[PDB]
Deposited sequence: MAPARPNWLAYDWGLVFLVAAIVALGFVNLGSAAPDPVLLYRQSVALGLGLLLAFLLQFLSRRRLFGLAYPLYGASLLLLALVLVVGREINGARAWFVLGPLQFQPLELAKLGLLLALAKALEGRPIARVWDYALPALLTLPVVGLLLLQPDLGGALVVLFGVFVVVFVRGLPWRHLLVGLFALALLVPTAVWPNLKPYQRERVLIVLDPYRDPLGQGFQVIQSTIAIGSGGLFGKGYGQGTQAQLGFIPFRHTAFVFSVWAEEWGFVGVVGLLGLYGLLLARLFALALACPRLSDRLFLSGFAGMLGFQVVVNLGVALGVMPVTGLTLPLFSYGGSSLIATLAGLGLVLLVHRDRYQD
């Protein structure tokens, strides 16, 4: 039927097109743009394939996907490939799959589903999110990769806070974990990650950064608007956790790019270089779009 919110689609497409028109000038290379074109193709294809999935099945898979992401996080520690001092990637030749993304989505689904029963015992308000998040954050710290750990923990914080459970301990853990880590016009196109962002910030200047931060602000706004437009509470929680994680990566790259936090492996979603991050962001956006399209169904 295609009863989606096409505004969010246009926002995602606009950020993606900005990322692509920037990469073609921010340290370009004939062979480095092909990888990202194929990543975009795979991402759109996967986000389309996932549209043949009802939300009932998707939340039926809330617990199996969480278990598979836990076991996959455990397995990457044994048979992974070290990159920047941590084994956090599965490399099978041309295939590059990082279990962090599966962990994020599985935990969001699992917590959303397990946290939609309004009455709870007076003890599990602390323990259930604890015992569902701690294995993930711990297996993320054994790599070690604390950027994804921060994203995961902050997502869990957003889910808990929107729900209405104890969240202050989660912020304590979050802040504690984060401590052990050219004009108005610009140039217009005239190897670390932040280079992808430093070239946009310098070749396009204040209008460029204002426009990009505005695109991200509108995306987070539309996500949180779709979140409170769902009758079921599990959907509200899932959408808000996703939007939280996205905004958190964005503000992390903000402080990384402007000399605040030490850099992490967290890219700017839909914008920074990275085929797996692009594909995973597209897949998560496909999930959020399909859970929004099925909001008035049983």
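Missing from the model relative to the deposited sequence are positions 1-7, 189-227, 237-251 (no C-alpha coordinates, numbering from 1).
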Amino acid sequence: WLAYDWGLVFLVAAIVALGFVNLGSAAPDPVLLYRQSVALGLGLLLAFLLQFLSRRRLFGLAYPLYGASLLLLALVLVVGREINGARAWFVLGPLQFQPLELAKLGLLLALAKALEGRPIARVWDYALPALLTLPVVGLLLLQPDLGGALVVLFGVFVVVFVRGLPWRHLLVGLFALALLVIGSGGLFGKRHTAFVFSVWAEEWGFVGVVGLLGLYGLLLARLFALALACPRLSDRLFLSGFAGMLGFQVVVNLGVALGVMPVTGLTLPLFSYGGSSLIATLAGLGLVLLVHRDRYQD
From here on, numbers count along this sequence of modelled residues.
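On average the C-alpha atoms of 225-233 have higher B-factors than those of the other stretch, with 239-247 and 225-233 being the two compared. In this entry, 20-28 shows the higher mean Cα temperature factor of the pair 275-283 and 20-28. Listed residues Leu33, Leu65, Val252, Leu270 were ranked by CA B-factor as deposited; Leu33 comes out on top. Taking the PDB entry at face value, the top CA B factor among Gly106, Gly138, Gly155, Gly189 belongs to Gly189. Remark: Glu203 belongs to the middle third of its chain, ranked by C-alpha B-factor as recorded. Sort the chain's modelled residues by C-alpha temperature factor and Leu50 lands in the middle third, per the entry. The entry lists a Cα temperature factor for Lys113 that places it in the middle third of the chain's modelled residues. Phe90: CA B factor lies in the middle third for its chain, per the PDB record. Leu44: CA B factor in the lowest third of modelled residues in this chain (values from the PDB entry).
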